[PDB]
There are 2 protein chains.
Amino acid sequence: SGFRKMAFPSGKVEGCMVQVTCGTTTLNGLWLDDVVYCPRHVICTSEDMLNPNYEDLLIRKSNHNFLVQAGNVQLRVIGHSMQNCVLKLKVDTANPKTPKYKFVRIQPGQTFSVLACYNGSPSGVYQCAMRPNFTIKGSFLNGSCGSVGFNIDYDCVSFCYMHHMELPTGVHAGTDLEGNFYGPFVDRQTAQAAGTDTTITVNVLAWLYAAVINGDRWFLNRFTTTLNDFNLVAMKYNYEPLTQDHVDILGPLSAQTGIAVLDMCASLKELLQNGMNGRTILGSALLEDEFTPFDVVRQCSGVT
Amino acid sequence: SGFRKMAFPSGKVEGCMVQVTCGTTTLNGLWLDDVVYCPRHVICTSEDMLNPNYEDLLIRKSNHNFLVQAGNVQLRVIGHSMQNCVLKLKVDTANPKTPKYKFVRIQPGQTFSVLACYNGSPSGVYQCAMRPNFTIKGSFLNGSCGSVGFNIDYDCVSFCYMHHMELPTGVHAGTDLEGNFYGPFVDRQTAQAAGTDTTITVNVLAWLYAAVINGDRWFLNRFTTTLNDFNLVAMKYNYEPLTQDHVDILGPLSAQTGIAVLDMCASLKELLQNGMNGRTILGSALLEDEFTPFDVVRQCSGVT
Ligand SMILES: O=C(Cc1cc(Cl)ccn1)Nc1cncc2ccccc12
Ligand SMILES: O=C(Cc1cc(Cl)ccn1)Nc1cncc2ccccc12
């Protein structure tokens, strides 16, 4: 029992972290097989970041200008290429610690673990969700760029995020491992609208099921609702509309607790309309949306 | 910017995890150098757990009864001994992945990362605090015993906790790496009083400084207080009394923000007396006490 904001064990990803330096800029890179992946803004100076012409900037750089260090040893760069907002530095040595991996583009509302790094050295690991507006509410400082987000299924690491930027609002933006930004963001030092965010309804419902599994049951009521009635409440409280696909993903949690999905929706409706009344659920005084239904079952069943 | 419940990267600890089986019981062990450390209740059957005579139970066991597996390879046990509530299984092979390590007994109110494991395989990592009453509010299922808590300083892992038991209340109890329980607990299946817990005042103050650093400032007020006046409030709200030693540990955060410790105490006093009024601080609707002053500076400065 107990429910924590649990991250995947980071060891497999720690073995892939390297430092990448170009000119006077240093950030993190991800070394998989014979390629190091890093944000393309490593080629910029502070004067370039206002509106960089990355193609022109990269043309002034040669393989020997990209300094890649894995711990204390230097990697030899034999090729470089820009793919969207990432650079791919081909090196002459395959990373001996390359785990089984995939590059995936996650959907908004899904979760992943972040291994925050500075100078190619891991500093910490935390779990977070990709917001519906494609930002992440991470914890990152200058030099964290190139830190990655991932999920792990047995021995396979699915990399889903590479950190690129902190928006003036203090929220974070980044790309998939092919260098495509999540959301409307561009790698420039300019104010950029993130757009209206919403609460991940399916995740709040999953977390309410996790609370019932772990003994926090005070919020259960004698009511039920419909998807239509619940979605009117969701609209008013800036929650994502619940669909049958979300109800289907909540199936296993519903069977475990014997609480029909629409009955749990009625509990969520009452919490939205009345608040918590100074009470807590799983050590929180707000409705938590950073746990997917898969996360709840994995944590409540013990997948390794 | 951003503030997360960040755990240490778990790689160095992942390399130490093994599975230990004795009879029909399997749990986790920690393999450091040529010794595997695990909870002594691995020698018990369910009939023994009501009140085990561990000395008698261990006398029936020989080196060959302790099955230790590191991934897919079997370790040869050449010695066994009980130290308090842990068994130390001497093996013929030093763990090649043994990091630089220390065994430390942490104080209540301090934090550490937990690498939750099942069958010697890591499942997840989370950060938590040792409660003032010596329990931990972890996330653990059957078979998690032997999972460890630790801190990392550059390349040295300081192991501070080994998971042993879930109390009937759903909270967790365990030992230091010499097998001494934190708190009054005994390794038996019996209801055991944990005793009155308190909120870790110095950690709440540290987290309020983290909020100011990250832009959440609505709770700052035009008031100040004294240690005496603040401690009357702390008494009423079941908070640990603040001492000059705690004020001294808050020094660096106080100098960073320019907010005197007693001025922040006045903000904490007002939050305790008035609540949050439906507002949040660093994504929380309650006062968070699982971040020490060291944690806040490490996260807000980027130590790797
Ligand atoms: O955002 C940037 C640099 C950069 C990259 C791009 Cl692609 C566009 C503009 N500027 N760096 C940072 C990332 N994450 C947290 C940071 C906290 C403080 C300072 C800097 C941080
Ligand atoms: O507590 C025990 C077993 C045990 C050990 C001792 Cl030392 C005394 C009594 N019983 N195991 C568990 C530990 N952590 C979370 C668990 C969640 C569910 C079931 C079992 C869990």
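FYI, residue positions are counted from 1 along the chain as it appears here.
When the header is checked for method, it gives X-ray crystallography, 1.5 Å.
Placed from the backbone N, Cα and C atoms, the Cβ positions cover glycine too.
Taken from Swiss-Prot as is:
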- A:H41: active site, for 3CL-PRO activity (ACT_SITE)
- A:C145: active site, nucleophile (ACT_SITE)
- A:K5: ubiquitin cross-link (CROSSLNK)
- A:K90: ubiquitin cross-link (CROSSLNK)
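Features per Swiss-Prot, on structure.
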residue: A:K5; record: ubiquitin cross-link; Cβ contacts under 8 Å, 6 or more apart: A:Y126, A:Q127, A:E290, A:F291
residue: A:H41; record: active site, for 3CL-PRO activity; Cβ contacts under 8 Å, 6 or more apart: A:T25, A:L27, A:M49, A:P52, A:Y54, A:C85, A:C145, A:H164, A:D187
residue: A:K90; record: ubiquitin cross-link; Cβ contacts under 8 Å, 6 or more apart: A:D34, A:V35, A:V77, A:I78, A:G79, A:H80, A:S81
Including all protein chains displayed, how many Cβ atoms other than that of the residue listed as 'active site, nucleophile' lie within 10 Å of its Cβ? 25
Which of these recorded positions, A:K5, A:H41, A:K90, A:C145, are close to chain B by Cβ (under 8 Å)? A:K5
I want to verify one value. Collapsing DSSP to three states, which class is A:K5 (ubiquitin cross-link)? coil
So which of the recorded positions A:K5, A:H41, A:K90 sit close to ligand 1, that is, with a CB under 6 Å from an atom of it? A:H41
